[PDB]
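**Q** Structure in structure tokens, see below.
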Amino acid sequence: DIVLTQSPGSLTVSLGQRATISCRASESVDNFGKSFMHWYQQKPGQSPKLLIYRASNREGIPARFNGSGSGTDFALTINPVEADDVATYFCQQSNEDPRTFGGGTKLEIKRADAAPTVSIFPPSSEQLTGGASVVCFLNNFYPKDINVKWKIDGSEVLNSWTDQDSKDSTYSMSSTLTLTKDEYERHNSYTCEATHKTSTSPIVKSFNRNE
Amino acid sequence: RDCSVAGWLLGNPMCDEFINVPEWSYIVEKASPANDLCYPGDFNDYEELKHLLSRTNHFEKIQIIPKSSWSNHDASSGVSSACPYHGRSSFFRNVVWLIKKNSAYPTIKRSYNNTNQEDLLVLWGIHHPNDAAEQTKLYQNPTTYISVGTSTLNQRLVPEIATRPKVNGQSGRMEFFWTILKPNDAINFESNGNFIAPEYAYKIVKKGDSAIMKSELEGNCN
Amino acid sequence: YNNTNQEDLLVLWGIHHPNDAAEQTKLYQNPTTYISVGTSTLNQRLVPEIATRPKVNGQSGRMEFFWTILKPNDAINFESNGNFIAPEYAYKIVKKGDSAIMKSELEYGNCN
Amino acid sequence: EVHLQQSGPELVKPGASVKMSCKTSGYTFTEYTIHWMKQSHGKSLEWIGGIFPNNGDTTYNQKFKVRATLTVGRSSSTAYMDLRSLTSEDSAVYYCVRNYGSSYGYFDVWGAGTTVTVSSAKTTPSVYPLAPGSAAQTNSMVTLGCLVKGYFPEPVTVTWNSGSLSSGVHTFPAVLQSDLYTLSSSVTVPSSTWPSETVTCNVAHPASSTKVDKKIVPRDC
Ligand SMILES: *[C@@H]1O[C@H](CO)[C@@H](O[C@@H]2O[C@H](CO)[C@@H](O[C@H]3O[C@H](CO)[C@@H](O)[C@H](O)[C@@H]3O)[C@H](O)[C@H]2NC(C)=O)[C@H](O)[C@H]1NC(C)=O
Ligand SMILES: *[C@@H]1O[C@H](CO)[C@@H](O[C@@H]2O[C@H](CO)[C@@H](O)[C@H](O)[C@H]2NC(C)=O)[C@H](O)[C@H]1NC(C)=O
């Protein structure tokens, strides 16, 4: 087995800059004078895509992708980095069965710090006719890190982030809070305190049970 | 397979397999491929173009003039039953059959500067109609020309109207031309009708020693 | 003309290039003329090139001749409004074989 | 074109067997070796095997030699793979892929991906509209929602206005809650358009032959 090790594991690069992902082969992948390395791009939520064959030549692939390297170590260079480049990139060798891939490298785009567009939702009436579900979306923000808090009547869950959007480079987040009708009807105010680096003070959205 | 080099490069709709082909070692073409010029006509200096290919390993297709940029001409009706796609009338994919819009065919002046580091292969064409009527129906203007300009290239084509036998139903003819646009040079088109415009051109990425092997065969071996 | 034979057919035609616009008018009434020939493979439109040239055999005009091979179910289409030198007779290629055009100054000898 | 149409997502009881198919189209089946790739959910690609249609020769990975079986239907222009006696291990996505030339070749045309789920669990959603609070409005733009809860197995498709709205939409990945999946969607339209505009949530779950629509009605207060 030719163990392929990519580095670094995750790479965050500013928009319009240079991404530089490396590959390292345990033994050479390089005879007949050519390198039998290949780079693959997996944009989130879809099958992988072929970028570079035999380590240097592009497959309808923009020139921004620089395939380089020889022998034991190679490098995929993306420069300039565009918006639709969020993906995990894989190098795979064909020099010798069994075909082996890299760990893969996930690429993230650094953009303008955006603030979370919070919005709180009461449980459906149809759902209540036995369980309660307080949903609270936190759409379109950056950086990735965010911190949701739930408060029921002043006293303090399933979270779900989307991948960095290929088009605007902003994350989104769900944050459901499930209860039973009876557990629910024994309180009033339901709050949703998101603490971002954007606002120095917690963004809040809440609703009261009886209106 | 069943495509010819012309069919491939001009983009015969029956040749979709080759819309974006990877680097090759050699090229295989059948003796008498079925899918050549779907709309009948000629490819000037074709043999000299096959020769250039045989000294080439890698084409990267690039959009040189977007079909979308044809605001005052019809780039959608340039279509024929001689060039069927999925049963529906279509046309060569890398090249655009511009037709009059609102009974007007304004003079076209498009120019492209090769900013790449490679030679670039650009293809275009002229339409030769059946009669003065067809001429009028497609491009409003009765007497037309197509002039192409380069550091080295200078031509002005005038469509030669005649009545010819029907080939694939069509009795008009299309004549295709090519040139190599050097890395800081520019190509200038000016036309007031019968123009078959380039949309996609080919960057000559890898020149090497290759060949066009005439063979009828198609093996997963090395 | 539609070649209905089973053989390739050799067709010859021509264009006349006059001395001046006058001669042009005297022979073919129309002042600007063309000759267009059409085939499955052939497509041309010739326009006579009027010029004054030296006299060769007394004539100062010129005639330019063309040929094509008309395949067995193909047809040739002439359209002209002047200066046309029209085919009357064409040649069926009956036997193709290996032959030659020998350049020699000698003539027949009745031998084998 | 070079399209590879493959089988639909599948569920198998642990110990059973699957047979996902890949239908070739647009090129000559018999000129290229077809292969299968397994991807452990968002991790790494593994090579399973290859088969050359024209004579049916197979080439396997050590790992899959036993559990896998590539077969080909020449008239059908179709490649098949069969996984026998499955485990949680095999729960991942399988790609039917055309490799260009031989032992030393690159995989140029990748199929969609047949995604296999191995669980003893039964086939099971419930859709709830998300209208904003009765006394709060996000300024220039109103965010609306749709909630899909308690279904198995993956996946489900969420659309807005039968698909005509494709703009401000985010469909978040599902999550596991009491051994069922749950996900949410967020359509964002200009404040003036709603509640004037018909905002309907169209959700589909193939595995149960279920198609549901929910219209976002503003907060009755
Ligand atoms: C030159 O002359 C040819 C003969 O007059 C002509 O070929 C004829 O073409 C027609 C269609 O245009 C064929 O029609 C039918 O042919 C057979 C019957 O034998 C069937 O497959 C169909 O029913 C079909 O519709 C004629 O049979 C055919 N005649 C001969 C004798 O071959 C050429 O096309 C003419 N060429 C040009 C360039 O004008
Ligand atoms: C094609 O484009 C380039 C760049 O816009 C032109 O090259 C420039 O030429 C001038 C003199 O005319 C130099 O002083 C510049 O620095 C050049 N720029 C670059 C980026 O090389 C070129 O001449 C154009 N060709 C045509 C035929 O118009």
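Chain B uses Swiss-Prot numbers throughout; the residues present, in order, are 69-286, 288-291.
Method of determination (from the header): X-ray crystallography, 7.0 Å.
Placed from the backbone N, Cα and C atoms, the Cβ positions cover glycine too.
Found this in Swiss-Prot, in case it helps:
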DISULFID  B:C71-B:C83  disulfide bond
DISULFID  B:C106-B:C151  disulfide bond
CARBOHYD  B:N181  N-linked glycosylation site
**Q** Give me the CA-CA distance between B:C106 (disulfide bond) and the residue listed as 'N-linked glycosylation site', in Å, as a whole number.
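**A** Pair distance, Cα basis, whole Å: 30 Å.
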**Q** Cα of B:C151 (disulfide bond) to Cα of B:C83 (disulfide bond): how many Å, rounded?
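**A** On Cα coordinates alone, these residues lie 11 Å apart.
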**Q** In terms of DSSP three-state secondary structure, what is the assignment for B:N181 (N-linked glycosylation site)?
**A** strand
**Q** Specify the count of other C-beta atoms within 10 Å of the C-beta of B:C151 (disulfide bond).
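**A** Other Cβ atoms found within 10 Å: 23.
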**Q** Check B:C151 (disulfide bond) against DSSP and tell me helix, strand or coil, would you?
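**A** B:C151 (disulfide bond) sits in a strand per DSSP.
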**Q** So which of the disulfide-bonded residues is most packed in, judged by how many other Cβ atoms lie within 10 Å of its Cβ, out of B:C71, B:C83, B:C106?
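**A** Answer by Cβ density within 10 Å: B:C106.
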**Q** I'd like the Cβ neighbour count for B:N181 (N-linked glycosylation site), meaning other Cβ atoms within 10 Å of its Cβ, all protein chains included.
**A** 12
**Q** Quick test of your reading of the structure: among the recorded positions B:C71, B:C83, B:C106, B:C151, B:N181, whose CB sits under 6 A from ligand 2?
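**A** B:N181, by Cβ distance under 6 Å.
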**Q** State the three-class DSSP label for B:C83 (disulfide bond), counting H, G and I as helix, E and B as strand, and everything else as coil.
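**A** Looking at the DSSP assignment, B:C83 (disulfide bond) belongs to a helix.
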**Q** Cβ under 8 Å from chain C: which of the recorded positions B:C71, B:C106, B:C151, B:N181 qualify?
**A** none
**Q** Using DSSP reduced to three states, classify B:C106 (disulfide bond) as helix, strand or coil.
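**A** In three-state terms, B:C106 (disulfide bond) counts as coil.
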**Q** I need the CA-to-CA distance for B:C71 (disulfide bond) versus the residue listed as 'N-linked glycosylation site', whole Å please.
**A** 31
**Q** For the residue listed as 'N-linked glycosylation site' and B:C83 (disulfide bond), what Cα-Cα distance in Å is obtained after rounding to a whole number?
**A** 28
